[PDB]
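Form deposited in one PDB entry, single chain, as structure tokens, below.
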């Protein structure tokens, strides 16, 4: 099929889809929009949010819903029904935290204060829960890479921009990130992608 991903010039919520496309060696158009053109585009969308993915003229929305669509019946999904459940739960746990940030807040002082709070007060507990959960496994779920591992590397990348010391007490989580980054198709993408703060 012919793929067109539309999002802002950011890793943000589209990056998961971009890692999946890279790892699965699928070609697509990486369409990035400027903020000023967002109002026009937004007004033409059923739910007025991005990312969206067009597949042969059919518009799909919701970043995680798209990621599950693309990973279904590939080695990136869980190896069993229950593993699939753990993949989705780790993703959801990560998403629940990232969703707390007021990404679109216009008042800068209120925005950074909110960011500071979540990063200082909430992030360290997620890291603990994640670390303990990882236990002695090589990957978050089962015996091989899943898109939950990709989501972890993506989310932590952004958390580290704001809070570089986040993983100082979590070498096992630092190792997980490196393992994802060392995957040749993901490594190539990380190397090739437009460098953005977020």
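Each form is matched to the other, and the largest set of C-alpha atoms that superpose within 1.5 Å is called the rigid core. Positions refer to the first chain, counted from 1.
Stretches 89 to 97 and 68 to 76 differ in mean C-alpha B factor, with the higher average recorded for 68 to 76. Two stretches are in play, 22 to 30 and 43 to 51, and the higher mean C-alpha B-factor belongs to 22 to 30. Among all modelled residues in this chain, the alpha-carbon of residue 139 has a temperature factor (C-alpha) in the middle third. When the CA B factors of the chain's modelled residues are split into thirds, the value for residue 154 lands in the lowest one. When the modelled residues of the chain are ordered by their C-alpha B factor, residue 114 lands in the highest third.
Looking at the C-alpha B-factors along this chain, the one for residue 180 belongs to the highest third.
In the deposited entry, the Cα temperature factor of residue 196 places it in the middle third of its chain's modelled residues.
Omitted from view is the form deposited in another entry, to which the following refers.
Core-superposed comparison between this form and the one not shown: among 74, 128, 108, 80, the single residue whose C-alpha moves by 2 Å or more is 108.
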